[PDB]
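**Q** Pasting in a structure now, in C-alpha cells, and then I'll have a few things to ask.
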Ligand SMILES: CCCCCCCCCCCC(=O)OP(=O)(O)OC[C@H]1O[C@@H](n2cnc3c(N)ncnc32)[C@H](O)[C@@H]1O
C-alpha cells in the first residue's frame with residue numbers, strides 16, 4: 001500500500017518499507033544478480049548495526065564517515081547510522097590510483113571539517129584509510145567485517161526526531177575548502193516527499209534503475225533514499241561498470257522492465273556514442289516511463305540524438321524529464337512536466353551576452369542559445385530570480401537562482417554565517433544563473449563558470465561546443481575560462497598524437513571561435529585525462545581557472 005515519503009523521519013520511512021516485499025538488487029557488469037537486499041532485511045541489519053555502533057560509546061550527534069560504495073554493505077551501515085542517531089557522512093572512493101595521493105589530501109580536510117568519531121570502509125580501501133588517518137588518533141577505523149563483528153551495545157534504541165541531523169553531504173566543497181551540507185530528517189523528507197509525489201510523480205509498480213555513485217548527491221538521495229521512502233524496488237550498477245559498458249544500463253532497464261532512471265547529460269551521450277547493433281538485439285525500452293536528466297546544463301541537441309538512436313528499440317522521447325537540483329536543497333528543486341519530453345526555449349544569444357536578458361530570436365537575430373525547461377517550483381517551495389543587489393527581477397531577466405522551502409538545508413556544517421543567513425531569510429542563493437518564463441525555470445549555468453569580459457558575458461559551454469564538434473573531442477574534454485589578465489583560455493584534454501593534426505586543429509579552432517564569438521581564444525592541448533572534475537562530479541572550470549592562474553604567476 002504505497003506512501004509518498006509521508007514520514008517524519010528516515011527511520012519511520014524505512015520502518016514502513018520493511019513491511020513491503022521490495023528491496024534493492026545489486027547487479028554485476030554483465031547484468032547478473034550479484035547480491036540482493038530486502039527492505040524488511042535492511043531494517044534488521046540497520047537496527048543491529050545501530051546497536052553495534054553504540055557499543056563504541058559514540059554519542060548522538062556524532063559523525064560516522066562511510067566509504068560510499070554501491071553495496072549492500074554500505075546501505076546497511078548508512079541506516080545503521082540513522083537508527084543509532086549518528087550523523088552519516090558519505091565519502092567518495094579514490095578516483096583511481098595515482099590520484100590516490102590527491103584523495104588523502106581531500107580526506108584529511110573532510111575530517112577536519114566534521115570530526116567523524118569513526119569510519120567504516122570496505123577491505124579494498126582499508127590500507128589507504130589507515131595510511132591517511134595516520135594523524136587522527138581519535139578516529140576508529142572499522143572494516144565492514146570488524147563493524148559487523150562488534151557487540152550489540154545493550155541499550156534501547158531511541159527514535160529519531162525531525163530536526164535531528166540525518167547526514168552530511170560533502171560534494172559541495174573543494175579540496176581546499178571542504179563544505180558540509182547539513183541535512184535534517186525533516187529536510188530530506190520534505191524533498192523525498194516533493195520528488196515522489198510532485199516532481200517525478202511515481203506510481204505503484206514503478207521500479208528504479210541507477211548506475212550513479214552513492215557518494216554523489218543524485219545517486220544517494222534519488223536512488224538510495226527515494227526507493228526506500230516509496231517502498232519501491234531499485235536495481236544498481238556500479239558506476240565504474242557503467243563507465244566501461246554504458247549500454248549495460250539500458251540492458252538492465254529492459255531486463256527487468258525497469259521504469260524510472262535518471263542520469264547526467266553525459267550518461268545519455270555516452271550511450272548513443274558507443275552503441276552497436278549487437279547491443280540493440282536485447283533492448284526493449286517501452287517500459288522506461290521516466291528518463292530524467294539533470295546535474296549539469298542539459299543539451300537538448302544531444303537528448304534528441306539519443307532519442308533518435310533508440311527509437312528503434314522503443315524509447316519514447318516523451319519519457320524525457322529534464323530536472324534541476326543541488327545538495328544544498330537535499331537534491332531536487334524542479335522537474336519538467338509529466339510526459340513532456342524535453343521542452344526548449346531559444347534566445348537571441350547576443351541579447352543574453354550583452355544585456356543579460358532572454359528574448360525570443362527575432363528577424364534580426366544572428367545567434368541563438370537553446371535552454372532546457374527545468375520545470376516550475378515544487379509545492380511549498382519557492383524559486384526566485386534575483387540580481388546582484390538581491391532584488392527580484394522580471395521574467396526573461398537572467399540572475400541568481402534562489403530557493404526556499406522545507407527541503408532547504410540548515411547550512412554548512414560548522415559554518416555559523418551560513419546557518420544564520422538561512423535561519424534569518426529562509427532563502428538561499430544557489431550560485432546558478434537562470435531566468436523564469438511562465439513560471440518555468442531555465443538554468444543557464446554557474447555564476448562561478450561564467451566568462452565575464454568587458455561589457456559582455458559568455459557562457460563557457462557555448463565556446464566549448466565548438467571544440468566538441470571535432471571527432472576526437474568529446475563533451476567534458478574541453479574547458480573554457482577567462483584568465484585574470486582577461487585572456488580567454490580553452491583547455492582540451494585529448495588523445496591526438498599526430499603533431500600535424502594538433503597544429504591543424506588548434507589553428508582551425510582559434511579561427512572558428514573568433515568568427516563565431518568575436519573573441520580570440522588560446523587553445524591548450526593537454527594529455528588525457530589531465531583536467532579532472534569537482535567533488536560534485538562536474539567539470540572543475542573554476543578550479544582549472546586558478547590552477548592556470550597560479551601556474552602563470554610562475555613567470
Ligand atoms: C527517483 C528520484 C530521482 C530524482 C532526481 C533528482 C534531480 C536533481 C538533479 C541533480 C542534483 C545535483 O546534481 O546535485 P549537486 O549538489 O551535486 O549539483 C549541484 C549543482 O548542479 C548544477 N546543476 C544541477 N542540475 C542542473 C541543470 N539541470 N542545469 C544546469 N545546471 C544544473 C548546479 O549549478 C547546481 O547548483
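Values in this text are rule-based calculations from the coordinates and carry no lab data. Neighbour counts are summed over all protein chains in view; Cβ atoms, including those assigned to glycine, are modelled from backbone coordinates with ideal geometry.
**Q** Can you tell me how the range 448-555 classifies by the Cα gyration tensor, rounded, prolate or oblate, using a/c under 1.5 as the rounded cut?
**A** rounded
**Q** Ratio of the chain's C-alpha Rg to 2.2 N^0.38 Å, to two decimals?
**A** Taking N as the residue count of the chain, the ratio is 0.97.
**Q** Once each part is reduced to its C-alpha centroid, what is the distance from the range 482-531 to the range 35-85 in angstrom?
**A** Using only Cα atoms to place each centre, the spacing works out to 48 Å.
**Q** Give me the one-decimal nm value for the distance between modelled label points at residue 549 and residue 105, 7 Å along each residue's Cα-to-Cβ direction.
**A** My value for the distance between the label points is 1.7 nm.
**Q** Roughly what % of DSSP beta bridges within the chain run antiparallel, to the nearest 5?
**A** About 60 percent, rounded to the nearest 5.
**Q** While we're looking at this one, here's another question. What do you get for the angle between helix 541-552 and the principal long axis of the chain? Use alpha-carbon atoms, 0 to 90 degrees, nearest ten.
**A** 70
**Q** Helix 300-310 versus the longest principal axis of the chain: what angle, 0 to 90°, nearest 10, using Cα atoms?
**A** Between the helix axis and the principal axis of the chain, the angle is about 70 degrees.
**Q** I want the antiparallel fraction of DSSP beta bridges within the range 448-555, as a percent rounded to 5.
**A** In the range 448-555, DSSP labels about 60 percent of beta bridges as antiparallel.
**Q** Next question, about the same structure. Whole-Å semi-axes of the range 56-202's equivalent ellipsoid, largest first, each the root of 5 times a Cα gyration tensor eigenvalue?
**A** 25, 20, 15
**Q** Still on this structure, I have one more. What list do you get for 535, 475, 515, 55 if you sort them by fewest beta carbons within 10 Å?
**A** 515, 55, 475, 535
**Q** Would you please classify the overall shape of the range 67-143 from the alpha carbon gyration tensor, given that a ≥ b ≥ c denote the square roots of the eigenvalues, rounded means a/c under 1.5, and beyond that prolate means a/b larger than b/c while oblate covers the rest?
**A** In terms of gyration-tensor shape, oblate.
**Q** Taking 7 Å along the Cα-to-C-beta vector as the label spot, tell me the residue 19-residue 48 distance in nanometres, rounded to one decimal.
**A** The answer from the label model is 2.4 nm.
**Q** Using 0.36 nm times the number of residues separating residue 243 and residue 284, minus their current alpha carbon distance, what extension gain do you get?
**A** 12.6 nm
**Q** With the cut-off at 1.5 for a/c, could you classify the range 293-405 from its C-alpha gyration tensor as rounded, prolate or oblate?
**A** Note, shape of the range 293-405 comes out oblate.
**Q** Moving to a separate point now. Using 7 Å Cα-to-Cβ label points, what is the residue 437/residue 308 separation (nm, one decimal)?
**A** It is 2.2 nm.
**Q** So, one more: With runs of 4+ DSSP H residues as the only contributors, calculate the mean residue ellipticity of the chain at 222 nm using -39,500 (n - 2.57) per run, divided by the residue total and rounded to the nearest 500.
**A** Taking each H run of at least 4 residues, the total per residue is -9000 deg cm²/dmol.
**Q** What ranking of 201, 60, 251 emerges when the number of other C-beta atoms within 10 Å of each C-beta is taken as an exposure proxy, fewest first?
**A** The fewest-first ordering by Cβ neighbours comes to 60, 201, 251.
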